[PDB]
Protein chains: 2
Amino acid sequence: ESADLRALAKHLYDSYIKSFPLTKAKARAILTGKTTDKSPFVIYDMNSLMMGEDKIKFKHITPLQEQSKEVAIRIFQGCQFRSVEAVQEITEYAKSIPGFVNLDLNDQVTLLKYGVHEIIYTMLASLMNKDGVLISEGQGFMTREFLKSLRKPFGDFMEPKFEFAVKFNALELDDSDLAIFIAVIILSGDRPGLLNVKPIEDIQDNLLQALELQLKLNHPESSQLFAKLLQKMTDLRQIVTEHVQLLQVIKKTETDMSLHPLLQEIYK
Amino acid sequence: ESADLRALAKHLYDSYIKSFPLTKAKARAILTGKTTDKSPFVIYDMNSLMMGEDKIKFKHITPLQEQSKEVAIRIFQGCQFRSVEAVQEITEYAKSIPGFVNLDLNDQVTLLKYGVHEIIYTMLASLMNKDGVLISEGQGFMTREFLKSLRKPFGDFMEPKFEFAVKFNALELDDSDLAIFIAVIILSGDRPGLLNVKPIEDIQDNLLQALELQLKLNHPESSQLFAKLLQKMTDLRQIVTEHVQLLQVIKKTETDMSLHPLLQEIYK
Ligand SMILES: CC(C)c1ccccc1-c1ccc(O[C@H](Cc2ccccc2)C(=O)O)cc1
């Protein structure tokens, strides 16, 4: 019944708001510099980076970089910390997906393990525009250009994310839509090492119906949006890989830099 | 309109039947399926290959294993031959899809160029079962066991297609279904280098509606099958990506020789 699919759609949207302090709506309100009720400080060079520590809460360093964790590492660590924030956040959203917590404890861990970064980049697109990405809860805005100019390695960590987000955002999706799509991603079952696949696919079968109806209702004039969105799941998978291998490179060229256990545990 | 979507399906099916010798319906009668009226020649071991490869309808080389060319290599190059045949079959099919030829020729070459590998592994799965793959227009059956028993490079060449195949076949799709899915794969839109993505996506949109109608009417009880088929695309891409990987590795085994020139040329 439709009435049941809409109720689940309302449910998930609801938990989505409660689990993510920064929705796409808040994000676009800040990005479209019309809503000047609170604008972001912009980082596009080293000076701004320093000055950034001023206006925004940057526990990081302000002055010298190189001989004291150069700019590149500093941002990378900063980015590392947020990812941990997001996982914890995403993990809280997951518990609310009907049926998820009733699965084998092991699978729960496996679903999170593979689905988390795929989710981080999906939601990360909400904080991006062709020119940049929001940081520190919207208060800041770091330039894509400044990012694409960091030290040899770190210099190409976000580019594949921007490329994904610009075309993904062109789908004009909203929080209520993403809420369901985010859940569909978690309850895969095609995930490596699962014990009970049928119970997982039964949940996702629901999420997909929910999403199909939600997209029809929310975007009547958008033919086949449902399918276009599912295919986007390939671009996601590909991004994770580019990243994971990229991560492997730093680890070797930076034996002094560390990887937060929670993020380290996910990668494998 | 459903009428128009029922026409496009039958059209593609008709083209499909005439472009591909071995149909899934046929191949299935031969495989695990009984339908015994001419049992294929089973290659399960080295001698089986040797002792058949001399009676089987294979055109390229013969059983000569004794410091006279390696077996693994002869088998690998054999797939290349068949894949190159397959590529011509697909092209012949691509041309029957409404709108395809009306596209920028450069874009057609780009679409076939990148859609071909995914189409091959998809269709390969029709000739596969959990224990082996039909060979030579269906006159043979090379076991999965023998394939993983191969040397060192070549021992993991086909294993991932088997893992993909077994899950893919779990969907129980038939030639009428595969005919539309295949078309959808060719009419992507995200292939690198395209020049005019719009028409390509318009046709895919039209092809997607067809696959959706087809699956609903053809598999009424199989819920959300459409969504599940579309996510098999991630699996394909990974297969494809991971394949070019061994390809580069193999490129570090056999190479510099003067009797290969005009042969190496047929397969870039
Ligand atoms: C917005 C964030 C998720 C992000 C994504 C992709 C690339 C970089 C970042 C990023 C986020 C915050 C950054 O600066 C600090 C990071 C930080 C936050 C809290 C404690 C320690 C560091 C901040 O904005 O608060 C720098 C980069």
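Just above, that's the structure.
The scheme used for residues numbers each chain from 1 in its written sequence order. That scheme is not guaranteed to match the entry numbering, and residues without coordinates are omitted from view. By the order in which they are written, chains take letters starting at A while ligands take numbers starting at 1. The basis for the side-chain values is all heavy atoms of the structure; hydrogens and waters are excluded.

## Notes on the relation of the copies chain A and chain B
- Superposing chain A onto chain B requires a rotation of 178° together with a translation of 0.4 Å along the rotation axis, leaving an RMSD of 2.4 Å. Such a combination of turn and shift is consistent with a two-fold rotation axis. Taking the C-alpha atom as reference, chain A places A:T234 closest to the rotation axis, 2.4 Å from it.
- Any two residues having at least one pair of non-hydrogen atoms within 4.5 Å are treated as being in contact. Mapped onto chain B, 94% of the interface residues of chain A again fall at the interface, so both copies present the same surface. The superposition of copies relies on a least-squares fit of their C-alpha atoms.

## A word on the pattern of salt bridges
- Put simply, a salt bridge is a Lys or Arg side-chain nitrogen that is within 4 Å of an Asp or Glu carboxyl oxygen. Overall, the coordinates contain 25 salt bridges over all chains when judged by the stated rule.
- Where A:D54 meets A:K55, a salt bridge forms, and the shortest distance between an N and an O atom there is 3.8 Å.
- Buried residues are those whose accessible area, probed at 1.4 Å on protein chains only, stays under 20% of the maximum for their type, while exposed residues exceed 50% and partly exposed ones sit between those limits. Residue classification places A:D54 among the exposed residues on the basis of a relative accessible area of 59%.
- Through salt bridges that share partners, B:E118, B:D190, B:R191 and B:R237 make up one connected network.

## Observations regarding a nonpolar patch on the surface
- Like charges within 9 Å and nonpolar side chains (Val, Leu, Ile, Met, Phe, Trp, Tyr) within 5 Å are joined into patches, using only residues over 30% in relative accessible area that form no salt bridge. Each accessible area value is a Shrake-Rupley result obtained with a 1.4 Å probe; residue values ignore everything except the protein chains displayed when judging cover. Taken together, B:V84, B:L263 and B:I266 make up a surface patch of nonpolar side chains, about 230 Å² in accessible area.
- Secondary structure is summarised from DSSP: a helix means a run of H or I of at least four residues, a strand means a run of E of at least two, and numbering begins at the N terminus for each. Among the secondary structure elements, B:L263 is positioned in helix α12 (residues 261-264).

## Comments concerning the sheet that holds strand β1 (residues 41-43) of chain B
Residues and elements named next belong to chain B.
- When DSSP finds two or more bridges between two strands, those strands count as paired. If you trace the three strands from one edge of the open sheet to the other, you get β1-β3-β2, paired in mixed fashion. The outermost strands of the open sheet, each flanked by one partner alone, are β1 and β2 (132-135). When strand polarity is set aside, the average angle formed by the axes of neighbouring strands in this sheet is 25°.
- Of the pairings in the sheet, the one linking β1 to strand β3 (residues 140-143) comprises three bridges and is parallel in character. In the strand pairing of β3, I43 is matched with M142. Angles run from 0 to 180 degrees between N-to-C directions of axes, and those axes are lines fitted to C-alpha atoms, restricted for helices to the stretch in contact.

## Regarding the interface of chain A and chain B
- Listed as interface residues are 18 residues of chain A and, on the opposing side, 19 residues of chain B.
- A quick way to say it: buried area is the sum, across both parts, of accessible area lost when two parts are put together, with a 1.4 Å probe. Of the roughly 1,700 Å² buried between chain A and chain B on both sides combined, carbon and sulfur atoms contribute 44%.
- Its largest share of buried area at the contact with chain B, chain A owes to A:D190, A:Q224 and A:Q231, together 27% of the area lost on that side.
- Where chain A packs against chain B, one counts one salt bridge.
- The partner of B:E201 in a salt bridge is A:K228, and the shortest N-O contact between them spans 3.8 Å.
- What qualifies as a polar contact is a pair of N or O atoms within 3.5 Å, subject to a donor-acceptor requirement within protein and to the restriction that residues adjacent in sequence count only when both atoms come from side chains. Summed over the shared surface of chain A and chain B, the number is four residue pairs in polar contact.
- Elements that contribute at least two residues to the side of chain A that touches chain B include exactly α9 (197-218) and α10 (225-253) of chain A.
- Sorting elements by how many residues they give to the side of chain A that touches chain B places α10(A) first, with nine residues.
- Any residue that is not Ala, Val, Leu, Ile, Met, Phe, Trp, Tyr, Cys, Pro, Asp, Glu, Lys or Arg is counted as polar, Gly included; the first ten are nonpolar and the last four charged. Counted by class, the side of chain A that touches chain B contains five nonpolar, eight polar and five charged residues.

Nothing here speaks to function; it is geometry throughout.
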